[PDB]
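The chain is numbered in sequence order, starting from 1. Note that ligands are numbered from 1 as they come in the structure, with each ligand's atoms numbered from 1 the same way.
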Amino acid sequence: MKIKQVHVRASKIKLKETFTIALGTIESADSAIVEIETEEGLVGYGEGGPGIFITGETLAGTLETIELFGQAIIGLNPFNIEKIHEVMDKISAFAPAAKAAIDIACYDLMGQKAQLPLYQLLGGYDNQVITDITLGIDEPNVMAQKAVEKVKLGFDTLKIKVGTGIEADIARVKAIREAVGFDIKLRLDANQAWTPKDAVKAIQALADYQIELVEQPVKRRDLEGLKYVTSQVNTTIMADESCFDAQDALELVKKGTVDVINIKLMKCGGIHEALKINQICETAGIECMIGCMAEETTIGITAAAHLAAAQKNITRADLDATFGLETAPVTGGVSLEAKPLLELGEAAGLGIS
Ligand SMILES: CC(C)C[C@H](N)C(=O)N[C@@H](Cc1ccc(O)cc1)C(=O)O
Ligand SMILES: [Mg+2]
């Protein structure tokens with residue numbers, strides 16, 4: 001098959017509520033939605049959802065880059081994902097959201113051409129994924145109350161955002177555990193807010209609160225400090241901002257920096273690159289959690305879920321971006337409904353539109 005044309009459009013969707021993390025706030029999911037059409041008529045959908053305080057990418061920059069990529073892959077076979085990434089990598093030294101947008105659309109096309117759900121093409125380990133739901137930074141009693149709400153919706157794993165100071169961060173977790181009890185799994189995410197010593201201190205202070213894992217406790221570049229935390233606590237430590245791509249992953253495995261790694265299609269440039277990170281991690285005995293940017297919609301989330309369902313080593317999931325969307329840009333895929341279970345159907349590719 002051959003790519004005939006590539007179209008992209010801006011999508012700006014308000015979130016039901018501003019989300020606060022240690023890095024800042026997000027109130028609108030602004031993404032680039034791409035449609036790749038083949039000469040035979042098949043259409044693939046992709047998306048680039050950039051998180052400025054994570055990668056620095058912007059919607060305007062992502063749109064321009066996708067157009068450059070699009071005009072360079074005309075005539076290529078979607079299955080030649082190897083050449084498609086080579087072409088994009090030669091065009092741009094860094095544009096994970098734009099690359100993911102193209103990459104996702106190609107995988108959607110592969111699935112449609114093969115007449116198979118994407119999760120079958122990517123590994124076939126399962127046809128669904130169970131996701132947690134993240135609670136944004138707020139006052140202890142508020143977060144605790146929202147925690148009760150989410151658990152009533154059926155969520156058994158909650159991702160707690162922290163990072164305004166260990167004193168308050170500790171109070172947030174205690175209140176949450178106290179409110180929902182110990183039957184719920186609680187994972188913390190500090191989005192780089194703590195120093196290596198404060199991190200150890202906070203984690204130890206929460207020893208009796210049954211913490212599943214702590215995500216990116218220190219600054220992204222502080223790998224010595226991240227490792228310090230990891231080698232100082234029995235609590236599982238996960239890297240997020242410290243790991244963008246396969247190259248970063250190889251570096252972390254080499255140094256024994258963390259216990260688990262957070263994979264985001266918008267950080268690595270798509271499914272093709274994400275698979276590399278998981279293979280490297282799996283070989284090193286490092287499990288992976290599939291994550292997401294708040295700026296992504298059904299397209300990005302559905303793609304991530306198919307990859308997570310497909311791969312055995314991607315044992316955790318944090319795909320809750322759609323739960324906060326006011327509207328859905330396309331039909332099909334993971335819905336806007338706030339629910340832990342994301343069941344992927346039998347529809348070919350992403351099962352979108
Ligand atoms: C609201 C949900 C989708 C947040 C998601 N689970 C998450 O925590 N993502 C990042 C943090 C983040 C990225 C981008 C934006 O705009 C806000 C927050 C993470 O730290 O895992
Ligand atoms: Mg994180």
**Student:** Above 12 or not: heavy atoms from other molecules or residues under 6.0 Å from CD1 of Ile137?
**Tutor:**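 Count over threshold, so yes.
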
**Student:** Examine ligand 1 and decide if any of its atoms is less than 4.0 Å from a heavy atom belonging to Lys161.
**Tutor:**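 The answer is yes: ligand 1 sits under 4.0 Å from a heavy atom of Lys161.
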
**Student:** Consider ligand 1: state whether an atom of it lies below 4.0 angstrom from any non-hydrogen atom of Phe53.
**Tutor:**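 Distance cut 4.0 Å: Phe53 passes for ligand 1.
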
**Student:** If hydrogens are left out, which of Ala22, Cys292, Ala294, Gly136 has an atom nearest to atom 10 (C) of ligand 1, that is, the closest non-hydrogen atom?
**Tutor:**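 Nearest option to atom 10 (C) of ligand 1, by heavy atoms: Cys292.
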
**Student:** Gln112 and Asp108: side-chain donor and acceptor closer than 3.5 Å?
**Tutor:**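 Yes, a side-chain donor-acceptor pair sits under 3.5 Å.
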
**Student:** With no hydrogens and no angle check, do the side chains of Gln5 and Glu37 hold a donor and an acceptor under 3.5 Å apart?
**Tutor:**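 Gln5 vs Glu37: donor-acceptor pair found between side chains.
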
**Student:** Nearest 0.5 Å, please: how far is CD1 in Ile133 from CG in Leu153?
**Tutor:**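 Atom-to-atom, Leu153:CG and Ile133:CD1 are 7.0 Å apart.
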
**Student:** Measure the distance from atom 4 (C) of ligand 1 to every protein heavy atom, then report the residue, atom name and distance (to 0.1 Å) of the closest one.
**Tutor:**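 Here the nearest protein heavy atom works out to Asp320 OD1, 3.9 Å.
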
**Student:** Under 4.0 Å from any heavy atom of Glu215, which atoms of ligand 1 are there?
**Tutor:**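 Every atom of ligand 1 under 4.0 Å from some heavy atom of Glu215: 21 (O).
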
**Student:** For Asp240, take its heavy atoms, then give the atoms of ligand 1 lying under 4.0 Å from any of them.
**Tutor:**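 Atoms satisfying the 4.0 Å criterion: 19 (C), 20 (O), 21 (O).
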
**Student:** Can you list the atoms of ligand 1 that are under 4.0 Å from a heavy atom of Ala321?
**Tutor:**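 Ligand 1 atoms under the 4.0 Å threshold to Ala321: 3 (C).
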
**Student:** Got a sec: does the CD of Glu35 have more than 12 other heavy atoms crowding it under 6.0 Å?
**Tutor:**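 Count over threshold, so yes.
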
**Student:** Got the closest protein heavy atom to atom 18 (C) of ligand 1, with its distance?
**Tutor:**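 That would be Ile21 CD1, 3.5 Å.
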
**Student:** Would you list the pairs meeting salt bridge (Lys or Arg N to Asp or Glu O under 4.0 Å) in which at least one residue belongs to residues 120-135, sequence neighbours left out?
**Tutor:**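 Non-adjacent pairs meeting salt bridge (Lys or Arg N to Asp or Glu O under 4.0 Å): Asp132-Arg187.
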
**Student:** Could you list which atoms of ligand 1 come closer than 4.0 Å to a heavy atom of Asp189?
**Tutor:**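 Answer for ligand 1: 19 (C), 20 (O), 21 (O).
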
**Student:** Keeping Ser92 on the side-chain end and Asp89 on the backbone end, is there a donor-acceptor pair under 3.5 Å?
**Tutor:**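 No; zero donor-acceptor contacts below 3.5 Å.
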
**Student:** For ligand 1 and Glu241, I'd like to know whether there is a polar contact (N/O to N/O, distance under 3.5 Å).
**Tutor:**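 In this structure, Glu241 places no N or O atom under 3.5 Å from an N or O of ligand 1.
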
**Student:** Would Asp320 and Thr131 count as having a side-chain donor-acceptor pair, cut-off 3.5 Å?
**Tutor:**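 Checked: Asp320/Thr131 side chains show no N/O donor-acceptor pair below 3.5 Å.
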
**Student:** Measure the distance from atom 13 (C) of ligand 1 to every protein heavy atom, then report the residue, atom name and distance (to 0.1 Å) of the closest one.
**Tutor:**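 Closest protein heavy atom to atom 13 (C) of ligand 1: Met293 SD, 3.8 Å.
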
**Student:** Looking only at heavy atoms of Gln216, does any of them come nearer than 4.0 Å to an atom of ligand 1?
**Tutor:**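 False for this residue.
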
**Student:** Using the side-chain contact (heavy atoms from CB on, under 4.5 Å) rule, pick out the option among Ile3, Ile36, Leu42, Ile102 that qualifies with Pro78.
**Tutor:**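 Result: among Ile3, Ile36, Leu42, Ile102, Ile3 is the only option passing the side-chain contact (heavy atoms from CB on, under 4.5 Å) with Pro78.
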
**Student:** Protein N, O or S atoms less than 2.8 Å from the Mg ion (ligand 2), ignoring waters?
**Tutor:**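 The answer, once waters are left aside, is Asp189 OD2, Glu215 OE2, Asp240 OD2.
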
**Student:** Suppose I only count heavy atoms of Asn191 and a 4.0 Å limit; which atoms of ligand 1 are within that range?
**Tutor:**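 Once the distances to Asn191 are compared, the set is 20 (O).
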
**Student:** Please identify which atoms of ligand 1 are closer than 4.0 Å to at least one heavy atom of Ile26.
**Tutor:**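 Listed by number with element, the hits are 16 (O).
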
**Student:** Which of the atoms in ligand 1, numbered in the order shown and given with their element, are less than 4.0 Å from a heavy-atom of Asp318?
**Tutor:**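 The atoms of ligand 1 under 4.0 Å from a heavy atom of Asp318 are 5 (C), 6 (N), 7 (C), 8 (O).
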
**Student:** Would you say NZ of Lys201 has more than 12 non-hydrogen atoms from neighbouring residues, nucleotides or ligands within 6.0 angstrom?
**Tutor:**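 Open.
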
**Student:** Please could you name the atoms of ligand 1 that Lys159 approaches to less than 4.0 Å, counting only its heavy atoms?
**Tutor:**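 Near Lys159, meaning under 4.0 Å from one of its heavy atoms, ligand 1 has 8 (O), 19 (C), 21 (O).
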
**Student:** Considering only non-hydrogen protein atoms, determine which one is nearest to atom 14 (C) of ligand 1 and report residue, atom name and distance to 0.1 Å.
**Tutor:**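 Nearest protein contact, heavy atoms only, for atom 14 (C) of ligand 1 is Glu295 OE1, 3.4 Å.
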
**Student:** To the nearest 0.5 Å, what is the distance between OH (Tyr45) and OG1 (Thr298)?
**Tutor:**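 Taking OH in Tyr45 and OG1 in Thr298, the distance rounds to 12.5 Å.
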
**Student:** Which residues pass the side chain to side chain contact (heavy atoms under 4.5 Å, CB included) test with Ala246, sequence neighbours left out?
**Tutor:**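 With sequence neighbours excluded, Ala246 shows a side chain to side chain contact (heavy atoms under 4.5 Å, CB included) to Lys276, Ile277, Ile280, given in chain and number order.
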
**Student:** May I ask you to check whether over 12 heavy atoms, not counting those of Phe53, lie within 6.0 Å of atom CZ?
**Tutor:**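 Yes.
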
**Student:** Sequence neighbours left out, what passes side chain to side chain contact (heavy atoms under 4.5 Å, CB included) with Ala97? Give chain and number order.
**Tutor:**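 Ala97 satisfies side chain to side chain contact (heavy atoms under 4.5 Å, CB included) with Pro50, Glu57, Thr62, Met266 only.
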
